[PDB]
file target28.pdb (PDB, C-alpha atoms)
ATOM      1  CA  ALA E 163    -106.125 134.252  62.491  1.00  0.00           C
ATOM      2  CA  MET E 164    -105.436 130.582  61.841  1.00  0.00           C
ATOM      3  CA  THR E 165    -102.117 130.471  59.965  1.00  0.00           C
ATOM      4  CA  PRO E 166     -99.383 132.637  61.674  1.00  0.00           C
ATOM      5  CA  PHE E 167     -99.876 130.419  64.709  1.00  0.00           C
ATOM      6  CA  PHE E 168     -98.508 127.553  62.650  1.00  0.00           C
ATOM      7  CA  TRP E 169     -95.737 129.553  60.970  1.00  0.00           C
ATOM      8  CA  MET E 170     -94.248 130.656  64.263  1.00  0.00           C
ATOM      9  CA  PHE E 171     -94.838 127.233  65.798  1.00  0.00           C
ATOM     10  CA  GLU E 172     -92.670 125.701  63.074  1.00  0.00           C
ATOM     11  CA  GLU E 173     -89.989 128.136  64.222  1.00  0.00           C
ATOM     12  CA  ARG E 174     -90.683 127.013  67.794  1.00  0.00           C
ATOM     13  CA  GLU E 175     -90.239 123.402  66.630  1.00  0.00           C
ATOM     14  CA  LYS E 176     -86.713 124.387  65.670  1.00  0.00           C
ATOM     15  CA  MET E 177     -86.356 125.813  69.164  1.00  0.00           C
ATOM     16  CA  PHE E 178     -87.495 122.596  70.808  1.00  0.00           C
ATOM     17  CA  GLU E 179     -84.958 120.769  68.645  1.00  0.00           C
ATOM     18  CA  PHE E 180     -82.391 123.127  70.180  1.00  0.00           C
ATOM     19  CA  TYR E 181     -83.573 122.255  73.713  1.00  0.00           C
ATOM     20  CA  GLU E 182     -83.332 118.569  72.771  1.00  0.00           C
ATOM     21  CA  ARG E 183     -79.749 118.972  71.556  1.00  0.00           C
ATOM     22  CA  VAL E 184     -78.895 120.902  74.728  1.00  0.00           C
ATOM     23  CA  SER E 185     -80.313 118.546  77.345  1.00  0.00           C
ATOM     24  CA  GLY E 186     -82.613 115.938  75.843  1.00  0.00           C
ATOM     25  CA  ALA E 187     -86.012 117.034  77.090  1.00  0.00           C
ATOM     26  CA  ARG E 188     -88.555 118.540  74.740  1.00  0.00           C
ATOM     27  CA  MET E 189     -89.958 121.228  77.043  1.00  0.00           C
ATOM     28  CA  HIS E 190     -89.300 120.736  80.769  1.00  0.00           C
ATOM     29  CA  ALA E 191     -85.532 120.610  80.716  1.00  0.00           C
ATOM     30  CA  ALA E 192     -84.375 121.280  84.258  1.00  0.00           C
ATOM     31  CA  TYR E 193     -80.736 121.798  83.261  1.00  0.00           C
ATOM     32  CA  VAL E 194     -80.046 124.836  85.500  1.00  0.00           C
ATOM     33  CA  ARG E 195     -78.709 123.688  88.790  1.00  0.00           C
ATOM     34  CA  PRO E 196     -78.236 126.168  91.587  1.00  0.00           C
ATOM     35  CA  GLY E 197     -74.512 126.635  91.236  1.00  0.00           C
ATOM     36  CA  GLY E 198     -74.516 127.370  87.530  1.00  0.00           C
ATOM     37  CA  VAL E 199     -75.516 125.499  84.395  1.00  0.00           C
ATOM     38  CA  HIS E 200     -74.909 121.730  84.428  1.00  0.00           C
ATOM     39  CA  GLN E 201     -73.667 119.544  81.537  1.00  0.00           C
ATOM     40  CA  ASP E 202     -72.809 122.175  78.931  1.00  0.00           C
ATOM     41  CA  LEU E 203     -73.634 122.301  75.242  1.00  0.00           C
ATOM     42  CA  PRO E 204     -72.302 119.810  72.679  1.00  0.00           C
ATOM     43  CA  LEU E 205     -69.900 121.050  70.038  1.00  0.00           C
ATOM     44  CA  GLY E 206     -71.920 122.275  67.087  1.00  0.00           C
ATOM     45  CA  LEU E 207     -74.764 124.305  68.581  1.00  0.00           C
ATOM     46  CA  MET E 208     -73.801 127.984  68.378  1.00  0.00           C
ATOM     47  CA  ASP E 209     -73.632 127.921  64.588  1.00  0.00           C
ATOM     48  CA  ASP E 210     -77.140 126.452  64.547  1.00  0.00           C
ATOM     49  CA  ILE E 211     -78.297 129.290  66.806  1.00  0.00           C
ATOM     50  CA  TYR E 212     -76.624 131.711  64.376  1.00  0.00           C
ATOM     51  CA  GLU E 213     -78.574 130.123  61.496  1.00  0.00           C
ATOM     52  CA  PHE E 214     -81.819 130.371  63.467  1.00  0.00           C
ATOM     53  CA  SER E 215     -81.085 134.021  64.247  1.00  0.00           C
TER      54      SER E 215
ATOM     55  CA  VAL F   5     -56.631 121.503  74.189  1.00  0.00           C
ATOM     56  CA  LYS F   6     -60.107 123.013  74.576  1.00  0.00           C
ATOM     57  CA  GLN F   7     -63.132 122.446  72.343  1.00  0.00           C
ATOM     58  CA  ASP F   8     -65.904 124.759  73.546  1.00  0.00           C
ATOM     59  CA  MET F   9     -68.276 126.569  71.176  1.00  0.00           C
ATOM     60  CA  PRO F  10     -67.276 130.199  70.712  1.00  0.00           C
ATOM     61  CA  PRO F  11     -68.242 132.143  67.595  1.00  0.00           C
ATOM     62  CA  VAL F  12     -65.705 131.398  64.881  1.00  0.00           C
ATOM     63  CA  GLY F  13     -63.914 134.738  64.669  1.00  0.00           C
ATOM     64  CA  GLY F  14     -67.181 136.536  65.376  1.00  0.00           C
ATOM     65  CA  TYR F  15     -70.566 136.482  63.670  1.00  0.00           C
ATOM     66  CA  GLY F  16     -72.186 138.613  61.002  1.00  0.00           C
ATOM     67  CA  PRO F  17     -75.053 141.033  61.497  1.00  0.00           C
ATOM     68  CA  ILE F  18     -78.787 140.405  61.528  1.00  0.00           C
ATOM     69  CA  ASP F  19     -81.046 143.309  60.595  1.00  0.00           C
ATOM     70  CA  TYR F  20     -84.043 144.457  62.627  1.00  0.00           C
ATOM     71  CA  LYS F  21     -85.721 146.933  60.266  1.00  0.00           C
ATOM     72  CA  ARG F  22     -89.428 146.875  59.400  1.00  0.00           C
ATOM     73  CA  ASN F  23     -89.566 146.083  55.668  1.00  0.00           C
ATOM     74  CA  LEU F  24     -92.848 147.494  54.340  1.00  0.00           C
ATOM     75  CA  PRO F  25     -92.670 148.729  50.726  1.00  0.00           C
ATOM     76  CA  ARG F  26     -95.851 150.919  50.868  1.00  0.00           C
ATOM     77  CA  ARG F  27     -96.684 149.886  47.290  1.00  0.00           C
ATOM     78  CA  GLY F  28     -98.494 151.847  46.280  1.00  0.00           C
ATOM     79  CA  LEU F  29     -99.389 152.714  42.660  1.00  0.00           C
ATOM     80  CA  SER F  30    -100.156 156.423  43.489  1.00  0.00           C
ATOM     81  CA  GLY F  31    -103.840 155.737  44.119  1.00  0.00           C
ATOM     82  CA  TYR F  32    -105.190 158.721  42.196  1.00  0.00           C
ATOM     83  CA  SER F  33    -103.859 156.781  39.209  1.00  0.00           C
ATOM     84  CA  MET F  34    -105.811 153.784  40.490  1.00  0.00           C
ATOM     85  CA  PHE F  35    -108.959 155.924  40.425  1.00  0.00           C
ATOM     86  CA  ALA F  36    -107.991 156.792  36.848  1.00  0.00           C
ATOM     87  CA  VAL F  37    -107.674 153.071  36.022  1.00  0.00           C
ATOM     88  CA  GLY F  38    -111.020 152.233  37.626  1.00  0.00           C
ATOM     89  CA  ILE F  39    -112.937 155.072  35.967  1.00  0.00           C
ATOM     90  CA  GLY F  40    -111.279 154.204  32.642  1.00  0.00           C
ATOM     91  CA  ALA F  41    -112.343 150.554  32.776  1.00  0.00           C
ATOM     92  CA  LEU F  42    -115.787 151.657  34.004  1.00  0.00           C
ATOM     93  CA  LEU F  43    -116.254 154.025  31.058  1.00  0.00           C
ATOM     94  CA  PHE F  44    -114.921 151.380  28.643  1.00  0.00           C
ATOM     95  CA  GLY F  45    -117.595 148.996  29.872  1.00  0.00           C
ATOM     96  CA  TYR F  46    -120.239 151.707  29.513  1.00  0.00           C
ATOM     97  CA  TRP F  47    -119.300 152.506  25.909  1.00  0.00           C
ATOM     98  CA  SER F  48    -119.233 148.858  24.814  1.00  0.00           C
ATOM     99  CA  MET F  49    -122.467 148.068  26.669  1.00  0.00           C
ATOM    100  CA  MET F  50    -124.082 151.126  25.057  1.00  0.00           C
ATOM    101  CA  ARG F  51    -123.189 149.983  21.538  1.00  0.00           C
ATOM    102  CA  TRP F  52    -124.344 146.408  22.133  1.00  0.00           C
ATOM    103  CA  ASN F  53    -127.654 147.442  23.713  1.00  0.00           C
ATOM    104  CA  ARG F  54    -128.519 149.700  20.795  1.00  0.00           C
ATOM    105  CA  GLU F  55    -127.770 146.999  18.218  1.00  0.00           C
ATOM    106  CA  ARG F  56    -129.899 144.528  20.167  1.00  0.00           C
ATOM    107  CA  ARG F  57    -132.638 147.181  20.117  1.00  0.00           C
ATOM    108  CA  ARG F  58    -132.339 147.137  16.308  1.00  0.00           C
ATOM    109  CA  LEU F  59    -132.767 143.373  16.186  1.00  0.00           C
ATOM    110  CA  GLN F  60    -135.664 143.503  18.662  1.00  0.00           C
ATOM    111  CA  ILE F  61    -137.329 145.977  16.280  1.00  0.00           C
ATOM    112  CA  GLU F  62    -136.915 143.258  13.649  1.00  0.00           C
ATOM    113  CA  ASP F  63    -138.724 140.844  15.983  1.00  0.00           C
ATOM    114  CA  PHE F  64    -141.516 143.419  16.344  1.00  0.00           C
ATOM    115  CA  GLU F  65    -141.752 143.455  12.546  1.00  0.00           C
ATOM    116  CA  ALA F  66    -141.975 139.660  12.631  1.00  0.00           C
ATOM    117  CA  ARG F  67    -144.981 139.689  14.955  1.00  0.00           C
ATOM    118  CA  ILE F  68    -146.596 142.534  12.986  1.00  0.00           C
ATOM    119  CA  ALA F  69    -146.285 140.887   9.580  1.00  0.00           C
ATOM    120  CA  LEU F  70    -147.049 137.338  10.697  1.00  0.00           C
ATOM    121  CA  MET F  71    -150.301 138.096  12.515  1.00  0.00           C
ATOM    122  CA  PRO F  72    -153.364 138.185  10.160  1.00  0.00           C
TER     123      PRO F  72
END

call {"tool": "encode", "arguments": {"input": "target28.pdb", "output": "structure tokens"}}
result
Amino acid sequence: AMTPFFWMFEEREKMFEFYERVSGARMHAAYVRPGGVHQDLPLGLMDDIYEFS
Amino acid sequence: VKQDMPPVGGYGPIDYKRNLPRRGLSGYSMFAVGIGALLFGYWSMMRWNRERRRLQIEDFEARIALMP
């Protein structure tokens, strides 16, 4: 089943772009301090998440 | 002033229904299509084989007349 792997990984490439815009890291974004989330989202992210949804 | 990211007056819906059209063609009709094309091929093949039998009889006449 070669191809749906790559379809859904293109969607996951959008999701790693979202992680990048949130923190900066591709995958291993720490970003969650004990004591709540640190350094909140830049203005212009929730509409992108709406589009992805 | 505050410049967070809330939804702008709320957001629209996103469906979660399994879209499968089950098309279809009412497969007994597909049997009718297949048997119809099958019988069409049989009738045309039948006609062409019998005319080639006629012309092969002409080739038999060629070898009969040419021989002595």

call {"tool": "atom_distance", "arguments": {"input": "target28.pdb", "atom1": "CA of residue 12 in chain F", "atom2": "CA of residue 194 in chain E"}}
result
26.0 Å

call {"tool": "resolve_selection", "arguments": {"input": "target28.pdb", "expression": "the ChimeraX specification (/F :<9) & /E", "output": "PDB file with C-alpha atoms, in the coordinates of the input"}}
result
ATOM      1  CA  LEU E 203     -73.634 122.301  75.242  1.00  0.00           C
ATOM      2  CA  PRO E 204     -72.302 119.810  72.679  1.00  0.00           C
ATOM      3  CA  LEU E 205     -69.900 121.050  70.038  1.00  0.00           C
ATOM      4  CA  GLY E 206     -71.920 122.275  67.087  1.00  0.00           C
ATOM      5  CA  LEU E 207     -74.764 124.305  68.581  1.00  0.00           C
ATOM      6  CA  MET E 208     -73.801 127.984  68.378  1.00  0.00           C
ATOM      7  CA  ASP E 209     -73.632 127.921  64.588  1.00  0.00           C
ATOM      8  CA  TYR E 212     -76.624 131.711  64.376  1.00  0.00           C
ATOM      9  CA  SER E 215     -81.085 134.021  64.247  1.00  0.00           C
TER      10      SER E 215
END

call {"tool": "atom_distance", "arguments": {"input": "target28.pdb", "atom1": "CA of residue 163 in chain E", "atom2": "CA of residue 189 in chain E"}}
result
25.4 Å

call {"tool": "axis_aligned_box", "arguments": {"input": "target28.pdb", "around": "range 185-191 of chain E", "padding_each_side": "6 Å", "output": "AutoDock Vina command-line options"}}
result
--center_x -85.1 --center_y 118.6 --center_z 77.8 --size_x 21.6 --size_y 17.3 --size_z 18.0

call {"tool": "atom_distance", "arguments": {"input": "target28.pdb", "atom1": "CA of residue 202 in chain E", "atom2": "CA of residue 187 in chain E"}}
result
14.3 Å

call {"tool": "decode", "arguments": {"input": "target28.pdb", "residues": "range 29-52 of chain F", "atoms": "N, CA and C atoms", "output": "PDB file, in the first residue's frame"}}
result
ATOM      1  N   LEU F  29     -24.858   0.516 -10.472  1.00  0.00           N
ATOM      2  CA  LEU F  29     -25.303   0.091 -11.801  1.00  0.00           C
ATOM      3  C   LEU F  29     -26.342  -1.026 -11.789  1.00  0.00           C
ATOM      4  N   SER F  30     -26.785  -1.498 -10.613  1.00  0.00           N
ATOM      5  CA  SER F  30     -27.795  -2.554 -10.449  1.00  0.00           C
ATOM      6  C   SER F  30     -27.365  -3.838 -11.165  1.00  0.00           C
ATOM      7  N   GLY F  31     -26.315  -4.447 -10.605  1.00  0.00           N
ATOM      8  CA  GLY F  31     -25.465  -5.453 -11.231  1.00  0.00           C
ATOM      9  C   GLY F  31     -26.068  -6.580 -12.049  1.00  0.00           C
ATOM     10  N   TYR F  32     -27.352  -6.883 -11.830  1.00  0.00           N
ATOM     11  CA  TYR F  32     -28.086  -7.737 -12.759  1.00  0.00           C
ATOM     12  C   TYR F  32     -28.101  -7.131 -14.157  1.00  0.00           C
ATOM     13  N   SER F  33     -28.227  -5.801 -14.233  1.00  0.00           N
ATOM     14  CA  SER F  33     -28.076  -5.107 -15.504  1.00  0.00           C
ATOM     15  C   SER F  33     -26.656  -5.221 -16.039  1.00  0.00           C
ATOM     16  N   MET F  34     -25.661  -5.340 -15.156  1.00  0.00           N
ATOM     17  CA  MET F  34     -24.300  -5.503 -15.648  1.00  0.00           C
ATOM     18  C   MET F  34     -24.099  -6.900 -16.215  1.00  0.00           C
ATOM     19  N   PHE F  35     -24.753  -7.908 -15.623  1.00  0.00           N
ATOM     20  CA  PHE F  35     -24.807  -9.228 -16.251  1.00  0.00           C
ATOM     21  C   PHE F  35     -25.475  -9.164 -17.613  1.00  0.00           C
ATOM     22  N   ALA F  36     -26.540  -8.361 -17.729  1.00  0.00           N
ATOM     23  CA  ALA F  36     -27.206  -8.196 -19.019  1.00  0.00           C
ATOM     24  C   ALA F  36     -26.276  -7.561 -20.049  1.00  0.00           C
ATOM     25  N   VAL F  37     -25.486  -6.570 -19.628  1.00  0.00           N
ATOM     26  CA  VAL F  37     -24.516  -5.928 -20.517  1.00  0.00           C
ATOM     27  C   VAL F  37     -23.439  -6.914 -20.956  1.00  0.00           C
ATOM     28  N   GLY F  38     -22.919  -7.699 -20.009  1.00  0.00           N
ATOM     29  CA  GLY F  38     -21.854  -8.638 -20.330  1.00  0.00           C
ATOM     30  C   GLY F  38     -22.303  -9.764 -21.242  1.00  0.00           C
ATOM     31  N   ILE F  39     -23.475 -10.341 -20.969  1.00  0.00           N
ATOM     32  CA  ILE F  39     -24.024 -11.380 -21.834  1.00  0.00           C
ATOM     33  C   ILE F  39     -24.407 -10.812 -23.200  1.00  0.00           C
ATOM     34  N   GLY F  40     -24.855  -9.551 -23.256  1.00  0.00           N
ATOM     35  CA  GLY F  40     -25.167  -8.945 -24.540  1.00  0.00           C
ATOM     36  C   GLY F  40     -23.946  -8.735 -25.414  1.00  0.00           C
ATOM     37  N   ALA F  41     -22.857  -8.222 -24.830  1.00  0.00           N
ATOM     38  CA  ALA F  41     -21.621  -8.056 -25.592  1.00  0.00           C
ATOM     39  C   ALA F  41     -21.010  -9.401 -25.972  1.00  0.00           C
ATOM     40  N   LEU F  42     -21.137 -10.388 -25.081  1.00  0.00           N
ATOM     41  CA  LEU F  42     -20.677 -11.748 -25.342  1.00  0.00           C
ATOM     42  C   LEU F  42     -21.402 -12.365 -26.539  1.00  0.00           C
ATOM     43  N   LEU F  43     -22.727 -12.232 -26.569  1.00  0.00           N
ATOM     44  CA  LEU F  43     -23.512 -12.794 -27.659  1.00  0.00           C
ATOM     45  C   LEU F  43     -23.302 -12.028 -28.963  1.00  0.00           C
ATOM     46  N   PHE F  44     -23.078 -10.712 -28.871  1.00  0.00           N
ATOM     47  CA  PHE F  44     -22.710  -9.914 -30.040  1.00  0.00           C
ATOM     48  C   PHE F  44     -21.425 -10.425 -30.672  1.00  0.00           C
ATOM     49  N   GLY F  45     -20.415 -10.674 -29.833  1.00  0.00           N
ATOM     50  CA  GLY F  45     -19.165 -11.218 -30.327  1.00  0.00           C
ATOM     51  C   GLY F  45     -19.333 -12.594 -30.943  1.00  0.00           C
ATOM     52  N   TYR F  46     -20.215 -13.415 -30.357  1.00  0.00           N
ATOM     53  CA  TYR F  46     -20.464 -14.746 -30.906  1.00  0.00           C
ATOM     54  C   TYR F  46     -21.134 -14.688 -32.271  1.00  0.00           C
ATOM     55  N   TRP F  47     -22.115 -13.798 -32.441  1.00  0.00           N
ATOM     56  CA  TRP F  47     -22.803 -13.700 -33.724  1.00  0.00           C
ATOM     57  C   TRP F  47     -21.872 -13.193 -34.824  1.00  0.00           C
ATOM     58  N   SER F  48     -21.070 -12.161 -34.519  1.00  0.00           N
ATOM     59  CA  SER F  48     -20.166 -11.632 -35.534  1.00  0.00           C
ATOM     60  C   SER F  48     -19.056 -12.619 -35.871  1.00  0.00           C
ATOM     61  N   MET F  49     -18.529 -13.309 -34.854  1.00  0.00           N
ATOM     62  CA  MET F  49     -17.501 -14.317 -35.070  1.00  0.00           C
ATOM     63  C   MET F  49     -18.043 -15.482 -35.888  1.00  0.00           C
ATOM     64  N   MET F  50     -19.303 -15.853 -35.644  1.00  0.00           N
ATOM     65  CA  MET F  50     -19.963 -16.919 -36.383  1.00  0.00           C
ATOM     66  C   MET F  50     -20.054 -16.600 -37.868  1.00  0.00           C
ATOM     67  N   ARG F  51     -20.522 -15.387 -38.183  1.00  0.00           N
ATOM     68  CA  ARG F  51     -20.627 -14.961 -39.578  1.00  0.00           C
ATOM     69  C   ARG F  51     -19.263 -14.937 -40.263  1.00  0.00           C
ATOM     70  N   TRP F  52     -18.250 -14.389 -39.583  1.00  0.00           N
ATOM     71  CA  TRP F  52     -16.943 -14.270 -40.221  1.00  0.00           C
ATOM     72  C   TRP F  52     -16.256 -15.617 -40.403  1.00  0.00           C
TER      73      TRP F  52
END
